[PDB]
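For the protein sequence lines, the chains are C and B, in the order given. Everything in the first sequence is counted per the deposited numbering, starting at 348 for the first residue and increasing by one. Everything in the second sequence is counted per the deposited numbering, starting at 943 for the first residue and increasing by one. Just below is one structure, and these are the notes that go with it.
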Amino acid sequence: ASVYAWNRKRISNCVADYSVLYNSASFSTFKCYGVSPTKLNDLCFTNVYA
Amino acid sequence: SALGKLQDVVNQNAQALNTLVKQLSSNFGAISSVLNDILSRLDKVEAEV
């Protein structure tokens, strides 16, 4: 979708494996601000929105 | 109120420890007050800060 009409998808009741997204070199910009990408695989999440 | 001089000493000795325990819960400018919460979300270079 467009930037002014961005869509937000609900992610709940599932296992999220972030190691595959981190090990993929196709992404040109992958920078976190609250946590580190290495500790994502060992931590739960209350609500996930993309 | 006969033993007020001792009651005040006991109350102060308890309130000092209470204030210390409460200040243990302060953030001091960090992202969280719990040590394990910071040690398990950020990398070493970012956790040491």
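C-beta: ideal position from N, C-alpha, C; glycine also.
Using only alpha-carbon positions, find the residue among the options that is nearest to residue i.
{"i": "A397 of chain C", "options": "C:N354, C:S373 and C:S349", "result": "C:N354"}
{"i": "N969 of chain B", "options": "B:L945, B:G946 and B:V991", "result": "B:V991"}
{"i": "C391 of chain C", "options": "B:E988, B:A989 and B:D979", "result": "B:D979"}
Could you have a look at residue i and say whether DSSP puts it in helix, strand or coil?
{"i": "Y369 of chain C", "result": "helix"}
{"i": "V382 of chain C", "result": "coil"}
One question on the structure: do residue i and residue j come within less than 8 Å of each other, judged by their Cβ atoms?
{"i": "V395 of chain C", "j": "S359 of chain C", "result": "yes"}
{"i": "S967 of chain B", "j": "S975 of chain B", "result": "yes"}
### Query
For the region 371-384 of chain C against the region 982-989 of chain B, are there 3 or more C-beta pairs whose distance is under 8 Å?
yes
### Task
Kindly confirm or deny that the region 387-396 of chain C and the region 351-364 of chain C touch, where touching means at least three C-beta pairs closer than 8 Å.
These segments touch.
### Every unbroken alpha helix (DSSP H) inside the region 946-986 of chain B [4 residues or more]
946-966 and 977-981
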